[PDB]
């Protein structure tokens, strides 16, 4: 039977970028042609592989990462990028092999009073490793004195909210992103096109 890409793309609710979802896809037949001709994508870039060659390729596992970011932050979901999203929320390797799919989700993830459910990480002592997930909510220490879990001066809550409103400019509008990674190990493949 077919690989469940619809459970990822057609999900009614998406994850915050800092707590990005990952779906491990294994032991199924992948139908990429119907996957890529379904919705209207404002962003479709692939790296190290062509979208049309995936029907011929086999992989040990396939990963589908999904989250929501700003319009102006979509550019950071690519190999060799830097910025608040790539450094502190979701990071791709320089030799990434896979595809990045994004579409505007204003009609889904924006509220009249503002949708503050979606968050991102703002402060972090160091950058993330590729495909690392950090869900810490510890108070960030920006000074010499310790915070001891008390947010105040030089002691910041590490997460910031997006607050999507449907009337913003597209740079500030919510975008749902799907990143397809292709794990090729020295093990029998479980996913073929």
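Positions refer to the first chain, counted from 1.
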Would you mind comparing 11-19 and 180-188 for me and telling me which has the higher average C-alpha temperature factor in the entry?
180-188
On mean Cα temperature factor in this entry, is 142-150 or 129-137 the higher one?
142-150
From 69, 35, 46, 64, residue of greatest CA B-factor:
35
Out of 96, 103, 90, 116, which shows the largest CA B-factor listed in the entry?
116
Comparing residue 121 with the other modelled residues of its chain, is its CA B-factor in the lowest, middle or highest third?
middle
Name the third of the chain's ranked CA B-factors that contains residue 84, choosing lowest, middle or highest.
middle
